[PDB]
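Taken together, the values in this text are just the output of simple stated rules run on the coordinates, not laboratory data. So basically every Cβ, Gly included, is an ideal-geometry build from the backbone, and we count neighbours across all protein chains shown.
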């Protein structure tokens, strides 16, 4: 405030110092949030982490997580192991159907087959093997699938 | 199997990179500066608070000047008298005026005289 034209803009200067006080209240709120983050133990709790811990312990709970709370990488690994289980299960069912077809053709006289018949069946079974990606997980349910598949 | 999960710390950290969840790691290392940062920020806050206080206490002056000027523009000429009277009385008595610099009061005097 130096001249009359400073009073003519003392309302403008009011807005300037209002913006200054707003920037400074934002700096003080930001600084209070920073004083908070200096404790490992604060108002910003494990709320999304709590939803991941409480509800995430289920595949459906994880679907709820990623749909409502949000998707993270463990969701991705869980959909990966779930699609692994579904691929191994569809493989169980498909090699089971294939085994039933083999057991059907079992007493079809082997003259009644063709190099193209066996070729088609082998292409089928190679594809069915291909429907099962290799996943380096310690056998928890892959073991029974492996037994049935080898059988 | 597939249903087992880590602690609170690692999930919070994953949330922290996750742009959906931000903590405030910006001033975790400022332990010997956070106090006096808050101190000088609150000091500048009280300074700006009383400054804005003085500034709208003098927006009263700007307001009354725009007021008297408009009154000229409407040729009131009587509440013009009362209003310059009030303005002078305030300039003399308004402590805000009494705490202003010399030149601002100079300009105010000049304008009100004009």
*Within the stretch A:8-37, can you find the residues that are under 44 Å from the mean Cα position of the chain (by Cα) and more than 21 Å from residue B:43 (Cβ to Cβ)?*
A:36, A:37
*asked:* Looking at the structure I just gave you, is residue B:2 surrounded by 15 or more Cβ atoms within 10 Å (Cβ to Cβ), more than 34 Å from the chain's Cα centre (by Cα) and assigned to a loop (DSSP other than H, G, I, E, B)?
replied: yes
*For the stretch A:128-150, which residues satisfy the criterion of being loosely packed, with under 13 Cβ neighbours inside 10 Å, in contact with a helix residue (DSSP H, G or I) (Cβ under 9 Å, 6 or more places away or on another chain) and assigned to a helix (DSSP H, G or I)?*
A:129, A:144
*Under 7 Å by Cβ, and 6 or more places apart or on different chains, what pairs join a residue from the stretch B:15-43 that is closer than 22 Å to residue A:21 by Cβ with one that is outside any helix (DSSP H, G or I)?*
B:34/A:38; B:34/B:27; B:37/B:30
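The rows are residues; the columns are (1) more than 7 Å from every other protein chain (Cβ to nearest Cβ); (2) assigned to a loop (DSSP other than H, G, I, E, B).
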{"residue": "A:13", "(1), (2)": "no, no"}
{"residue": "A:43", "(1), (2)": "yes, yes"}
{"residue": "A:53", "(1), (2)": "no, no"}
{"residue": "A:60", "(1), (2)": "yes, no"}
{"residue": "A:71", "(1), (2)": "yes, yes"}
{"residue": "A:87", "(1), (2)": "yes, no"}
{"residue": "A:91", "(1), (2)": "yes, no"}
{"residue": "A:98", "(1), (2)": "yes, no"}
{"residue": "A:102", "(1), (2)": "yes, no"}
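Condition check ((1) surrounded by 16 or more Cβ atoms within 10 Å (Cβ to Cβ); (2) at the interface with another protein chain (Cβ under 7 Å from one of its Cβ atoms); (3) outside any helix (DSSP H, G or I); (4) at positive phi) across all residues:
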position	(1), (2), (3), (4)
A:17	yes, yes, no, no
A:23	no, no, no, no
A:28	yes, yes, no, no
A:39	no, no, yes, no
A:50	no, no, no, no
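Residue by residue, here is whether (1) within 9 Å of chain A (Cβ to nearest Cβ); (2) farther than 25 Å from residue B:101 by Cβ; (3) under 18 Å from the mean Cα position of the chain (by Cα) holds:
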site: B:15; (1), (2), (3): yes, yes, no
site: B:40; (1), (2), (3): no, no, yes
site: B:55; (1), (2), (3): yes, no, yes
site: B:69; (1), (2), (3): no, no, no
